[PDB]
Amino acid sequence: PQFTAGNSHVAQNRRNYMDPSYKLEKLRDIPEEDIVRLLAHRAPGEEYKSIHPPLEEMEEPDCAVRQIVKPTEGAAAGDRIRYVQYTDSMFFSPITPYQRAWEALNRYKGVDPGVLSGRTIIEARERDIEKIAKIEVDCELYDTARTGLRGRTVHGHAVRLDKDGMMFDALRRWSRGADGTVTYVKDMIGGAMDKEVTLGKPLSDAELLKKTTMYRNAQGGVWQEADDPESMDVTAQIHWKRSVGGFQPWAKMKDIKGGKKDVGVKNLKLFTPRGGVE
Amino acid sequence: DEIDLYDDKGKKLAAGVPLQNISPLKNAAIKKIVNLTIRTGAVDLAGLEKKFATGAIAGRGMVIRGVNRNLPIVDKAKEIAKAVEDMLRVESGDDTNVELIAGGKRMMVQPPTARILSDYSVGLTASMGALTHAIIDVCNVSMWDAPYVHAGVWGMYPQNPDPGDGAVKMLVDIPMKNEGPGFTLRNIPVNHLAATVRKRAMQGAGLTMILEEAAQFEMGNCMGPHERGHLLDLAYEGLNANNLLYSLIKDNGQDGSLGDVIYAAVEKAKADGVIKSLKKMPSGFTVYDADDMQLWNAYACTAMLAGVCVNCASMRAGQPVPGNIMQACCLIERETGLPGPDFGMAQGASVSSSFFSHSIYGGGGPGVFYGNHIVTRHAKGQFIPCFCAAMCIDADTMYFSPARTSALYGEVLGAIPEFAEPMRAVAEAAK
Amino acid sequence: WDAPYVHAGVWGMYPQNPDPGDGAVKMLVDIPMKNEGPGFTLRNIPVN
Amino acid sequence: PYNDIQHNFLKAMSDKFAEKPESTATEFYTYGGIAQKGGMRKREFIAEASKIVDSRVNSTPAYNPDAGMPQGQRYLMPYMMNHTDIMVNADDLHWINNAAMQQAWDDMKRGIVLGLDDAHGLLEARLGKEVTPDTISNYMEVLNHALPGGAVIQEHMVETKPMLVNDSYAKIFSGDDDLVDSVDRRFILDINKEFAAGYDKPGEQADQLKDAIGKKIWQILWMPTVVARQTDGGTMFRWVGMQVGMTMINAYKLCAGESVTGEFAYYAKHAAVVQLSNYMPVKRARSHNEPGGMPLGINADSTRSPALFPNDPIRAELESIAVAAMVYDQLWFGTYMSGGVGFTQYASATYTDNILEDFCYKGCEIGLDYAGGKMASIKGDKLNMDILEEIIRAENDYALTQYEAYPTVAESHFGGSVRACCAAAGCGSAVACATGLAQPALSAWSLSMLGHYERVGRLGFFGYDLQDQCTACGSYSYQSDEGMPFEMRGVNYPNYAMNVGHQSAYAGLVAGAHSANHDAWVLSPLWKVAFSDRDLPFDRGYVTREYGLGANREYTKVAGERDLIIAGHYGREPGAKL
Amino acid sequence: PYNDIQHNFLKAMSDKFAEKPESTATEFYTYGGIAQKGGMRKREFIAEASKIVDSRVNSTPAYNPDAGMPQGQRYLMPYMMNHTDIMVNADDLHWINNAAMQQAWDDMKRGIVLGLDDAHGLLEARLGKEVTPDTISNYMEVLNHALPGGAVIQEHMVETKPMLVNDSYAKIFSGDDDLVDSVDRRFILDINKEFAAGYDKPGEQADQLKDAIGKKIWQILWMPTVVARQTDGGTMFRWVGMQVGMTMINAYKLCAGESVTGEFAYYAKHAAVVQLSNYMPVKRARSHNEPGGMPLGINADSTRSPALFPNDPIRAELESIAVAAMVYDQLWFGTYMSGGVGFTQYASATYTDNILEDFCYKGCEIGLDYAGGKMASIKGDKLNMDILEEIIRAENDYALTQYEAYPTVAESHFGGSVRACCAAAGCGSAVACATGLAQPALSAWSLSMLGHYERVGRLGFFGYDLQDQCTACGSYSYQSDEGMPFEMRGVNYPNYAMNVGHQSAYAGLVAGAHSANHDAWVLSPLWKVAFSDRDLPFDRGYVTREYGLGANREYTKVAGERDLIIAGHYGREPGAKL
Ligand code: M43
Ligand SMILES: C[C@@H](OP(=O)(O)O)[C@H](NC(=O)CCCCCCS)C(=O)O
Ligand SMILES: O=S(=O)(O)CCS
Ligand SMILES: O=S(=O)(O)CCS
Ligand SMILES: [Ca+2]
Ligand SMILES: [Cl-]
């Protein structure tokens with residue numbers, strides 16, 4: 001597939017994170033039981049609750065779709081539906097909220113992702129969501145400074161960073177060691193855990209610039225319009241085709257008075273410097 | 001324009017069907033489905049009997065002491081049912097129908113089409129008027145007691161404009177609760193529809209899209225060339241035209257993701273010549289255009305529904321549908337540089353329904369939405385059928401499920417052949 | 001660019017206003033929301 | 001008059017007029033207009049108006065009797081609050097001039113009842129989460145911080161100044177005594193304690209209530225007065241949904257915004273909610289929780305008389321009447337549906353001078369006489385048209401005779417509208433006490449009105465007898481919009497939808513029948529319990545007393561004022577007083 | 001940022017944060033929670049809660065951060081009112097804590113416009129009665145006694161206390177200069193005086209208005225604030241009906257209640273009335289004159305900025321925005337349609353810190369740049385998608401860069417929803433200034449939001465972009481409920497009906513196009529004139545300044561308080577202070 005448009009490394013990051021054929025780099029290896037601790041829907045070693053009998057010991061509606069779509073393992077077992085939630089700093093988080101949903105719904109079977117500015121939640125059957133949490137906490141989409149596991153009190157994505165480059169957390173779920181190592185000392189909703197969970201050191205600024213999916217005209221990020229005109233070129237095109245269609249769905253752009261001459265524009269001028277500070 | 005119609009198992013039902021043949025304005029099956037939808041009431045006589053005996057004859061949390069009467073309506077169920085039928089009849093052999101169900105605990109009422117002169121809400125009123133006189137006459141209720149019967153049957157009406165606390169239950173609502181002229185057939189909860197097709201997803205989507213598109217006509221949205229786009233959406237998304245819908249689900253149902261369906265749909269659109277290169281961007285990315293935008297929209301809407309079915313059926317749960325529709329639209333746009341289903345309106349409704357199914361502010365799970373709902377009304381017919389599909393697929397993971405909210409409809413409306421097999425009904429009539 | 005003006009002229013303040021009465025098409029009867037109950041359709045017709 | 005002065009009009013008439021209550025003549029044109037004692041407020045108003053004109057940029061004029069109708073060519077009479085010894089100025093009964101009246105209706109408007117059991121069932125069904133009396137206690141504590149406008153989850157939230165919203169809080173009640181014992185008592189509205197009233201033994205009322213409610217838990221939530229005042233009644237169920245929503249997230253450690261949150265919204269806003277009233281047909285477009293959609297029975301259940309005076313069905317009528325006169329006539333018909341000077345005396349006639357009090361106590365006496373001294377004994381096989389007609393004609397003659405033989409009483413009730421209302425209310429009362437049944441009270445209403453026109457040759461104002469002429473027909477009708485049990489009616493019941501001088505009485509009759517029937521409520525056991533809440537500003541047990549305090553400006557219970565956040569008032573200049 | 005600090009965000013950022021505006025780092029966890037300056041109100045609120053608990057019968061708890069979310073792990077920041085030097089506490093922007101915001105909306109709600117010409121026409125047709133400037137002058141004098149609750153016909157009427165209703169009066173305006181000259185000037189709202197503003201010469205705005213209005217006579221009547229607060233907006237047209245009814249009877253010597261009186265009712269309540277807004281579909285059931293039915297253009301026309309600063313289209317935008325944020329977001333979405341802590345900062349983001357101010361002035365600059373320095377020149381054959389796209393992409397990059405480059409700005413606008421609202425408003429302003437046309441502002445809105453999601457990887461809250469994804473489609477649609485001109489939209493336009501962070505900006509865009517277009521109003525010449533009335537309590541020409549005074553409790557113009565008729569307040573014990 002094409003996935004998305006864009007000519008810059010940020011656009012390629014987007015395409016990779018969306019691409020199931022692309023294997024995401026692993027930065028850490030959090031043990032499953034520590035994952036369970038962090039989510040705090042259950043205690044490690046505790047058996048999965050059921051909201052209904054396993055599908056196999058049940059007669060389903062005579063539905064063609066149920067017939068041809070395999071349930072996930074969590075669904076087959078009748079697991080509860082629980083969730084994992086991340087907050088992504090505007091300061092070059094490796095992945096951004098919208099791209100999380102693109103990633104999730106391309107890569108995973110049977111998920112319910114929701115995108116907001118300061119939180120992205122994914123819901124799925126409990127055992128399924130535990131597996132997704134590990135994958136997403138382990139890999140390059142989670143930075144221990146610019147990403148946070150937060151099921152409530154998410155404030156901070158747009159707040160300035162602290163001295164060490166950590167994103168603000170009002171519940172203080174994390175603790176930072178002298179060597180930069182980040183440990184979670186509370187669960188993802190700020191509850192007490194029986195033990196601390198080490199996540200690891202933050203990526204460097206250069207690495208963050210390299211890995212991020214955001215365009216950001218500050219602190220050396222990619223300047224969308226100056227560095228990647230293709231990006232808005234194609235987004236604008238979508239915009240105008242929706243515009244024409246709402247008026248008359250059958251209409252072609254060429255039949256419109258003052259319609260676009262082409263994709264893109266000839267005379268876009270910018271009114272900020274690179275890095276924006278003046 | 002021509003399409004082939006296929007059933008929920010990928011088997012062809014009709015070929016070379018002119019697009020007009022499945023129009024709500026012309027298809028006898030659709031017209032019948034509409035007619036049944038406004039005429040057919042369901043009554044829980046056992047519960048009504050209990051209302052009278054306990055004085056619980058008003059609204060929620062209300063009880064009137066001292067007006068308890070024991071009226072053997074379930075006992076005399078056969079007499080009541082016949083009195084009603086005779087009152088509803090306008091002429092012998094007409095389409096009047098009344099049936100007792102579950103040993104007379106429950107009753108179906110269908111006033112004849114002829115009693116509806118102007119106002120579709122006669123389906124409710126004729127039944128309510130007939131039922132209360134039936135009870136009074138059959139159970140020999142005295143003048144003094146007559147008003148309690150009115151309350152049992154009509155609820156809080158007229159003090160409350162909504163007779164919802166009363167005895168006769170319809171799929172549709174009273175005219176006042178409709179959000180605009182022509183919204184009549186939109187005011188039908190997803191859970192009621194899901195119950196009605198007995199939780200078979202494609203029948204639910206189909207039935208729901210047949211009602212939505214009929215409403216679209218009634219709203220005035222299908223005049224002139226605008227019509228074609230709606231008929232294409234209905235045929236492809238709702239009726240599995242040329243097996244695109246079933247095919248997308250079948251091909252991805254084992255280990256496919258939502259994105260997989262979307263991309264498979266883009267590739268089919270290309271193969272079928274629906275979309276073609278417009279311009280190649282510096283990165284190599286190709287923006288596509290479509291000579292026939294309405295047809296592309298039909299293909300996109302089908303992609304949308306198929307993506308919803310695949311993901312929700314994987315989870316065997318309904319809650320994913322709004323976020324599914326959102327990324328379906330978003331991703332199909334990013335893949336092609338063309339506009340998503342209903343030119344952005346479907347994505348819009350997916351945002352609001354995502355919000356109002358995961359927040360404190362209103363809505364609920366998908367089963368409490370419907371085409372008339374302020375949250376989900378925005379798309380021009382293509383959106384709500386996905387919801388019904390999702391709540392059919394739901395394995396009772398949700399609290400407000402059709403089993404909880406809509407059992408009565410499943411039981412009473414479930415055996416109506418046009419409701420049970422809407423696609424075959426349409427395909428037959430389109431021949 | 002000009003199409004919305006034509007909508008205003010024909011549909012009135014609708015949908016912002018539930019009542020399209022400012023619009024261009026005049027019926028004897030009214031919109032369903034303004035009926036005082038189910039079955040009242042044919043009653044919503046001014047004597048004048 | 002009634003034999004006992006605590007209920008007859010003889011003290012009011014005596015203290016209002018110089019001459020005897022049965023006097024037939026008086027003196028006019030010699031009071032000096034508003035120079036007289038009853039012109040005191042109007043003098044006060046003239047003095048104010050001058051300062052108002054001074055502050056206006058083009059000196060637009062304001063209150064000026066000379067530009068209108070100057071008052072007091074006759075005696076400007078004071079009023080006595082029913083079953084009190086409190087005299088008030090006529091002007092001080094206008095709802096605008098009376099903060100107690102305003103609070104009584106704001107208290108009703110800002111209430112919402114919400115089931116809790118559905119929430120517990122949802123927690124269990126979807127999450128398997130434990131619900132205990134301790135979690136419920138914690139839930140209610142969080143709720144009582146959140147509901148008035150306190151933050152429970154987010155950082156950097158603004159919050160409400162508590163003294164601006166100090167009338168907002170939440171309690172729970174339940175028919176399950178064992179659950180009530182287990183929950184922190186600070187959150188309990190205790191049915192056993194508010195309803196220890198009985199007829200044959202202590203706590204019968206509680207018994208009736210707990211049986212009807214069963215082992216269920218219900219919340220009563222009161223939103224801030226200032227919220228009702230700034231917005232409307234439609235805010236209330238929504239406000240509950242929001243803050244119960246926030247509380248649930250906190251109390252049960254959920255995601256702050258997951259699918260379960262969404263179902264909690266539907267639970268709180270639709271599935272388990274109990275409102276004061278639904279909306280209105282759009283000609284009279286109104287939000288939820290407004291007077292237009294509030295049934296008569298709910299008005300009655302909002303009063304505490306039946307719990308405080310279990311053996312006094314007529315006090316229960318008159319207290320319900322006083323709330324209803326003010327809500328339905330002064331506010332709803334006199335403002336919501338019209339405005340201006342309004343309908344103060346159309347209303348106050350039913351709660352002043354002990355005149356309606358007199359008729360209704362006599363009516364009950366007559367009803368009992370005809371019931372062989374057995375209250376509420378006329379029903380079933382004993383209910384017939386003959387004995388009703390007999391009861392009605394007897395009371396109707398007693399009441400209409402009072403206005404004729406004691407002309408001060410008619411001078412007080414100077415418009416035939418309130419005379420009709422009151423005579424009919426008395427007749428309805430007689431039938432109430434005789435039958436313990438509301439519906440037959442309508443037969444008494446119809447017959448009283450028709451008999452009144454027939455006897456006196458006049459009735460009420462131009463359009464007074466719309467519903468009265470409809471009453472016989474709608475009495476026992478079961479047609480679509482024409483029939484309804486009395487308790488369930490209101491001002492959306494079609495022929496009730498326009499006129500003063502009726503609903504006041506109706507609220508009484510509905511209370512009368514059920515108090516005489518020894519019923520602990522009229523329509524809603526849930527609203528009955530909620531309104532017993534002793535933390536409400538306005539005293540729902542002593543309604544006419546509260547009105548009297550408000551009239552004389554001695555009322556200390558108004559909520560929702562903004563004095564704490566302003567430096568002055570519009571039209572009033574700041575700076576120290578000499 | 002914008003070159004001129006009077007409109008840029010640099011003074012606000014400088015005065016809010018210790019670090020530089022472009023700083024990327026700060027310090028957390030060291031403020032002592034609410035011990036910090038910005039915790040002052042919360043400490044105040046804690047001290048009050050204790051008293052509230054002490055007053056309750058079972059000690060039901062109230063405000064308690066420890067039972068919710070304690071505040072201030074981060075800096076609790078103050079805000080600067082847009083285009084002022086007024087700093088405020090965040091807590092003081094909540095509508096409940098701010099009497100100026102309350103008065104702003106009450107003033108709008110209590111207004112009704114009513115033509116007089118039809119009444120004269122009726123007087124002539126049925127009675128052959130002469131109408132002269134003198135009789136009109138007498139009529140207005142009587143009306144100004146009657147409207148607030150004074151009697152004009154009947155004996156023994158109760159009346160309202162003028163200081164409780166001192167904000168109620170009526171004026172007339174007309175395009176007929178000779179009529180205006182002839183009428184007693186105390187009753188005139190003078191168009192030539194309130195609209196002396198012009199562009200190429202004095203009085204052009206007046207000219208526009210008088211041409212649109214013509215030789216007609218219109219009344220603006222304001223009802224008492226306390227009436228809005230006790231009841232709802234549905235009262236307003238009815239109240240005008242009643243008191244205009246009574247005035248007609250007096251000023252024209254009619255029978256007090258004949259057939260002509262009936263036709264005067266229909267004339268007043270239907271035939272010639274102009275309301276603020278119509279009712280709502282019943283899910284969100286509401287009376288007339290509430291925010292749900294109020295079009296955006298009326299919101300805009302209610303501000304005075306265009307008559308006070310005719311060459312400053314962005315000030316017009318920002319003043320309309322300030323009214324709209326508070327009305328649509330804080331009150332309507334944040335209360336009428338939800339409640340609780342609500343939506344203070346969703347709103348205040350658009351009227352504080354000069355952030356939206358900065359974007360919109362830069363926007364106008366960019367749009368003018370593309371319009372060759374000729375404001376409003378991009379119309380007709382010059383109007384196309386290419387130039388729009390160039391304008392929108394330029395300004396969108398400008399505004400989104402500000403949040404990224406000056407992180408204090410993002411920290412102030414911490415929720416993506418307000419960043420989106422403001423970037424999009426900036427784009428809309430750019431198009432408004434270039435085109436002088438509202439509809440194309442929607443094209444900028446759509447592209448800005450889509451460009452935002454695309455650039456940043458995120459947008460607003462969970463359901464922020466419902467209307468935004470619909471925007472392109474609804475742009476130029478003519479389908480039933482899907483299309484309509486921007487000016488006429490409001491929160492009953494379907495996809496507009498649920499969400500914060502839009503209607504604020506929209507009110508601005510609709511004003512900007514028109515001020516740039518040298519139009520004296522947006523939608524309604526009648527409401528434009530009415531709201532120019534300088535006797536209104538809230539200053540509709542200096543909105544953000546008023547909000548600032550309300551915040552700091554320095555506001556002196558609140559109406560409708562009841563301090564004059566009470567001896568105390570609920571929850572506050574009487575007795576002298578020590
Ligand atoms: C200026 S802007 C701002 C405003 C504000 C806010 N809100 Ni919210 N909410 C509310 C509203 C708010 C506002 C305030 C103002 O000021 O305006 C309110 C306030 C409502 C009421 N109830 O009142 C509330 C709160 C309060 C407390 O805390 O309690 C609730 C809760 C909730 N809602 C829902 O539904 C869901 C929820 C829960 C949730 C939670 C969260 C956490 O966890 O933290 C959430 N949400 C999420 C979110 C978000 C979204 C996105 O992201 O975009 C956001 C935030 C972010 C950060 O960073 O901070 C937001 C916001 C914003 O934005 N939100
Ligand atoms: C959707 C609908 O809720 P229901 O689905 O009917 O519960 C609607 N709420 C409002 O849209 C909430 C708007 C304000 C809160 C959200 C702010 S973004 C209403 O109560 O009428
Ligand atoms: O119009 S009437 O004269 O009938 C009485 C209104 S108070
Ligand atoms: O539900 S959301 O978290 O999107 C925001 C509502 S404030
Ligand atoms: Ca109010
Ligand atoms: Cl005049």
Side-chain angles (χ1 to χ4, degrees), chain A residues 88 90-91 95-99 114-118 153 155-163 165 168-172 213-219 221 223-225 231-232 235-236 238-240 242-243 245-247 256-261 265-272 275-278, chain E residues 1 19 22-29 69 73-74 362 365-366 369 383-386 389-390 393-395 397-398 400-408 410-411 413-417 419 443 446-447 450-451 453-462 464 472-478 482-483:
Chain A
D88 294 302
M90 293 183 73
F91 289 90
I95 185 155
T96 43
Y98 222 21
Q99 284 56 52
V115 172
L116 313 77
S117 65
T153 311
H155 189 69
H157 79 282
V159 166
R160 283 164 307 162
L161 295 178
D162 80 10
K163 215 175 51 63
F168 167 82
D169 182 355
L171 303 190
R172 306 245 257 156
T213 53
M214 73 185 53
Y215 292 104
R216 180 175 174 90
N217 184 25
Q219 304 108 29
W223 193 0
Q224 181 186 209
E225 291 291 19
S231 179
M232 285 311 307
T235 303
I238 290 168
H239 155 76
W240 294 118
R242 291 192 187 173
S243 304
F247 159 65
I256 302 296
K257 183 189 183 187
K260 283 299 298 293
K261 295 141 70 184
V265 286
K266 299 306 298 148
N267 197 25
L268 174 59
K269 294 132 62 178
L270 301 185
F271 289 75
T272 60
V277 176
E278 55 187 285
Chain E
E19 303 87 355
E22 69 273 22
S23 63
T24 57
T26 189
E27 183 177 345
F28 318 118
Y29 314 132
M69 182 61 200
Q73 292 296 156
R74 56 151 293 171
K362 190 69 178 173
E365 169 182 326
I366 286 175
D369 223 86
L383 207 225
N384 62 58
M385 300 175 175
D386 273 81
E389 183 172 328
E390 287 164 347
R393 287 165 73 167
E395 162 69 357
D397 170 64
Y398 171 82
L400 300 175
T401 287
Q402 302 313 296
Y403 287 124
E404 298 158 4
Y406 290 85
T408 50
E411 182 161 321
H413 286 191
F414 54 85
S417 304
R419 301 196 299 273
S443 290
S446 168
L447 183 52
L450 292 170
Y453 238 146
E454 173 71 357
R455 178 199 177 110
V456 190
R458 69 188 89 214
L459 193 64
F461 74 91
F462 220 146
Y464 182 86
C473 180
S475 229
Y476 305 100
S477 167
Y478 53 95
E482 188 182 65

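Residue numbers begin at 1 in each chain, while the letters A, B, ... track the order of the sequences.
You'll find the side chain of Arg455(E) stays beyond 4.5 Å of the side chain of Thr235(A), heavy atoms only. Contact check for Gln73(E) versus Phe168(A): side-chain heavy atoms found under the 4.5 Å cut-off. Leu171(A) places a side-chain heavy atom less than 4.5 Å from the side chain of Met69(E). Side-chain contact between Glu389(E) and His239(A) is absent, with no heavy atoms from C-beta onward closer than 4.5 Å. A 4.5 Å side-chain heavy-atom check between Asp386(E) and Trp240(A) finds every atom pair outside the cut-off.
We find the CG-CG distance between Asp397(E) and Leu268(A) to be 8.0 Å, quoted to the nearest 0.5 Å. Here the OH-OH distance, from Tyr453(E) to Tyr98(A), works out to 5.0 Å after rounding to the nearest 0.5 Å.
The shortest non-hydrogen separation linking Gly415(E) to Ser117(A) is C-OG, 4.1 Å. Considering every non-hydrogen atom in both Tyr398(E) and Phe271(A), the closest pair reads CD1-O, 3.8 Å. Smallest separation of non-hydrogen atoms from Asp162(A) and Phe28(E): CB-CE1, 3.4 Å. When all heavy atoms of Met385(E) and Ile256(A) are compared, the pair lying nearest together is CE-CG2, 4.1 Å. Counting all heavy atoms, side chain and backbone alike, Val277(A) lies closest to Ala405(E) at CG2-O, 3.5 Å.
Applying the side chain to side chain donor-acceptor pair (under 3.5 Å) test to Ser443(E) and every residue at least two apart in sequence or in another chain returns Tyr476(E).
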*asked:* For a side-chain contact (heavy atoms from CB on, under 4.5 Å) check, start with the C-alpha distance between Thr408(E) and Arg160(A), then their side-chain angles and the critical distance, and finish with the verdict.
replied: CA-CA 7 Å; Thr408(E) 50; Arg160(A) 283 164 307 162; 3.8 Å; yes

_For a side-chain contact (heavy atoms from CB on, under 4.5 Å) check, start with the C-alpha distance between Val115(A) and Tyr464(E), then their side-chain angles and the critical distance, and finish with the verdict._
CA-CA 10 Å; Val115(A) 172; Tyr464(E) 182 86; over 6 Å; no

*Output, in order, the C-alpha distance, side-chain angles, deciding distance and verdict of side-chain contact (heavy atoms from CB on, under 4.5 Å) for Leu447(E) and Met232(A).*
CA-CA 9 Å; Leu447(E) 183 52; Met232(A) 285 311 307; 3.8 Å; yes

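A salt bridge is absent between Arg216(A) and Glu404(E): the closest approach of a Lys/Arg side-chain nitrogen to an acidic carboxylate oxygen does not fall below 4.0 angstrom. A salt bridge is defined here as a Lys NZ or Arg NE, NH1 or NH2 lying under 4.0 Å from an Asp or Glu carboxylate O, and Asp369(E) with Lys269(A) meets this definition.
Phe414(E) and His155(A) have perpendicular rings, their planes meeting at more than 60° on a 0 to 90° scale where under 30° would count as parallel.
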